[PDB]
Every structure is written in structure tokens, then in C-alpha cells.
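In C-alpha cells, the next block holds one chain alone, the form solved without the named molecule.
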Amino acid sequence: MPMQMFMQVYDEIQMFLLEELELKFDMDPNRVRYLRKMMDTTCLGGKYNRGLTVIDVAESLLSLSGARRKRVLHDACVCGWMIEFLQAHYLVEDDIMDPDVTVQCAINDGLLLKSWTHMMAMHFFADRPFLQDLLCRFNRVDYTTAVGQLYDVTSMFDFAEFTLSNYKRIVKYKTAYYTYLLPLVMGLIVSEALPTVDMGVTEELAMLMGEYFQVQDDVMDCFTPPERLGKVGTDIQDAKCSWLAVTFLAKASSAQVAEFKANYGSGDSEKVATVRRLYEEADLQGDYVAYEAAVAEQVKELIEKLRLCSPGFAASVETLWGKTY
């Protein structure tokens, strides 16, 4: 039911946005169909874990606190699509990074996808008392994410920043806040229950889940093959400040560090392979198991602190964690 409800509200949001363009912004049918196709291409096709998480938090807080129900779940669906459209926006922005009208249109797509998050909120939440608080928390997480993208893209310039604490700074802002913290906060908002929860425990939980996810993503990027990973992992070539790189640098001998530094961030096939050889021979996949296991323990423990005062909310934080773990 949640997915069928989420997709039903997608059709409703898309029709509002596109009829708004036609009726209030003078848009011609060719461009409306063009934007409908762009929207479907960029916003549909994933798993919707960010958006479905908003729905789950909302249902938990109404079962464990009926026209208020119908309204809360619909509000939750619109907030879910706000996050999915934000994610679509970041993805387009990444694609541009890696009189040309196609690049012009990609930039425009990125502007439109972000503006659509505002446009759907201003329409569907027009009369809600939380519209202003919703816009502010959404904008702040969006800002946070751009800051984290800056931390990430500039991490190899300014290996001094190849440390675990800076790796965690990148994860926190680039990934954790909009993937884990934002869906949770948005469900609390539509449920009018934000003040009822320990936000420190909640923020701590989102950072930890985001870290668990990113370490795993980093290790798969290097070790999971493309037919199994679904893409070509290029972190070594891109000289990412990845979990593997900062962990290797701490346990490598000095000549190994020199070998790492001479070969990292190159597209050359054997320099990339020399890096994977170093990672393997330093048993980083062994280190990965224990590192994740310990993050998991801290996650489990913190959910219980949350549950003492917010049992319903904690149950949905538990559901979101299961999807990652």
C-alpha cells in the first residue's frame, strides 16, 4: 500500500506542476511533454527509500501518537517526493560535472528539479501551520549537502585531509543529513511531533547510519565488480577520500605510503590495480567487517535511548536502519 500510495501522489504532483506551467507560466504543449519526460526520467526508477521513509514515520506517529490521518499520510507523500526530487537534482548536478544546448538543458533541469520541491510544497502545504518551518529545515539540509559536496570534491587538494575525522565530516554533510536525517524530520513535521523527540539522539543516529552506508559503498566501489555493482567504481581514479584510503594510510609502512601516493588518483589500469593490491594486502576487507559491526552496535544502542521517550518514532528509525543494515 505505501508504494501504491506514493506513486499515486506522484501522478498528482506531476499534474499540478505541469498544469501550473501550462496555465500560469504560458508553456506550450511541446515543452510540457518535454518536462513530463524529463521528470519521469530523473525522479522515477530508484527505490524511493528516502521518500518511503517519510511515509513510514508518519504512519508510526498516528498509530502510536480520522480525517487527520488521510491528510497526514498525503502530506507525508508530498514530503517524500520533495526529497526524491532533491535527489534527482543532485544527480543531474553530478552528471554535468562528468553553444552546447544539451549541457544548457542539463543545467536547466537541475534548476527546475530543485524549484519543483518548493513549488509542490507551497501548493500542497499552503494552509499548513508548518510550511515555514518545513521550508527552513529543508533549505538548511540542502545547504548542508552542498557544503558536504565541497568537502568531498576538494578533499585531495586545498593527503593531509585523508583522516577518519574528515572522512566523517564528508559523510555527515554530503550523505547522512539529506538521506537519513531529512526523511525522519519531514515525517515528524507533517505529524506535528518534532518537539516530542530528542533531536540530538536523532542526529547522532542519522550520522551513524550514513557512515555505515558510506563505508560499505566505498568498499563495494573498489571490490564489487561492475556487473555486480551496477557501475564502474572509479574512487581510486578520482582520488576520493574514501574509507579504504584513510584506513590504509594509518596502517601502511612508509614505503607503502610512498607507493600509494605515487599511484593514487590515476586512470592508469595498473596504477589502479597497484592500489587494490595494497588495499588487499593490508586486509582492508577484514578491517571493514569489524568497523561496520561496531557502528551497528552504536546504532542499536541509540535507537533504544530514542525509544524511551519516542517509541513510535524509534520503531520507524529501526525500519530505516534495517534497509541499510
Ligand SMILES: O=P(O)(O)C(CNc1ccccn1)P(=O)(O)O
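A residue's number is simply how far along the shown sequence it sits, counting from 1.
FYI, the form deposited with the named molecule bound isn't displayed, but the following is about it.
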Should the three residues 94, 145 and 149 be counted as contacting the named molecule in the entry with it bound, with contact defined as a heavy atom within 4.5 Å for each?
yes
Is residue 231 close enough to the named molecule in the entry with it bound to count, meaning some heavy atom within 4.5 Å?
yes
Contact test in the entry with it bound: residue 98 vs the named molecule, heavy atoms, 4.5 Å
yes
Touches the named molecule in the entry with it bound: residue 178 (any heavy atom, 4.5 Å)
yes
Are any of the heavy atoms in residue 90 no more than 4.5 Å from a heavy atom of the named molecule in the entry with it bound?
yes
In the entry with it bound, the residue from 204, 217, 161, 192 that sits within 4.5 Å of the named molecule by heavy atoms
217
Exactly one listed stretch (123 to 131, 170 to 178, 251 to 259, 70 to 78) reaches within 4.5 angstroms of the named molecule in the entry with it bound by non-hydrogen atoms, and it is 170 to 178
